[PDB]
Amino acid sequence: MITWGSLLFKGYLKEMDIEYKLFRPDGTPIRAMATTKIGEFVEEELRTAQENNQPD
Amino acid sequence: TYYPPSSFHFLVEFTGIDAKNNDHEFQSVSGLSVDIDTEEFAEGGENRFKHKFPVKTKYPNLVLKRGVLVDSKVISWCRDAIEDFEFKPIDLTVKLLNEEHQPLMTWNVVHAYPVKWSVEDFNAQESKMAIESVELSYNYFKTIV
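Listed in order, the protein sequences are those of chains M and d.
Per the authors' numbering, the first sequence runs over residues 115 to 168, 170 to 171.
Going by the authors' numbering, the first residue of the second sequence is number 3, and it counts up by one from there.
Here is the structure:
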């Protein structure tokens with residue numbers, strides 16, 4: 115679950131890349147950048163309640 | 003030196019072109035310098051500086067100026083290259099002279115050929131001398147001193 119302000123999103127990780135940029139002289143990293151992609155999850159009992167499907 | 007020399011007394015000589023005294027006299031000479039191209043590299047963990055490496059030695063063109071001379075041998079040589087693509091490189095010597103008119107120091111210019119020739123604009127309202135300019139490409143130079 116991902117929350118920030120107005121945002122609220124549920125799902126799964128699909129992809130990630132991490133790149134290491136700066137280092138201390140003994141090889142300890144102090145800066146890195148990450149790119150992320152998230153998919154969306156709906157449980158099947160909640161899908162039929164949101165699609166309130168109504170001659171029947 | 004203790005008293006360094008001045009720069010207004012010098013001689014330009016050509017090898018491979020018939021000599022005439024009027025082709026050894028010039029108003030100005032420029033381009034006797036050199037530089038080294040480099041590349042940079044950042045090594046992870048080293049934050050005090052980047053590394054620099056040499057790649058190539060580089061030389062600028064040699065530029066000569068003088069008042070216009072109509073029967074020059076150097077210009078005939080320039081024209082063969084300019085008009086017909088006939089190229090025949092020459093060697094050249096630049097001499098910086100002392101008070102006995104002997105060399106203090108010389109420059110040996112190797113395998114030169116013409117890339118440019120021009121004459122400055124005419125102006126009916128100004129009192130001026132017609133000035134000619136010649137530029138040469140070469141491979142490298144050495145010094146003797």
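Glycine included, each C-beta is placed from N, C-alpha and C at the ideal position.
Taking 8 Å as the threshold, the shortest C-beta distance from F137 (chain M) to chain d falls below it. In the DSSP annotation of this structure, the continuous segment of the alpha helix (DSSP H) that includes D86 (chain d) starts and ends at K75 to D86. The continuous alpha helix (DSSP H) containing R161 (chain M) extends over residues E158 to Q164. For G46 (chain d), at least one C-beta of chain M is nearer than 8 Å to its own C-beta. Taking all protein chains in view, the Cβ of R145 (chain M) is surrounded by fewer than 16 other Cβ atoms within 10 Å, so the residue is classified as exposed. For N63 (chain d), the three-state secondary structure derived from DSSP is coil. Neighbours of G153 (chain M) in chain d, taken as residues whose beta carbon is under 7 Å from its own, are absent, since the nearest beta carbon is some 34 Å off. DSSP places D20 (chain d) outside both helix and strand once states are collapsed to three, so it counts as coil. Note on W118 (chain M): under 16 other CB atoms within 10 angstroms of its CB, so exposed under the neighbour-count rule. Rounded to whole angstroms, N63 (chain d) and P139 (chain M) show a C-alpha spacing of 46 Å.
In this model, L66 (chain d) and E15 (chain d) are separated by some 12 Å (Cα to Cα). Neighbours of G141 (chain M) in chain d, taken as residues whose beta carbon is under 7 Å from its own, are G47 in chain order. Counting C-beta pairs closer than 8 Å gives fewer than three between the region 42-53 of chain d and the region 126-135 of chain d, which falls short of the contact rule. The C-alpha of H11 (chain d) is placed about 11 Å away from the C-alpha of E102 (chain d).
Residue burial is scored here from C-beta neighbours: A148 (chain M) has fewer than 16 other C-beta atoms within 10 angstroms and is therefore classed as exposed.
The beta carbon of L98 (chain d) lies closer than 6 Å to those of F12, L106 and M107 in the same chain, with the five residues before and after it left out.
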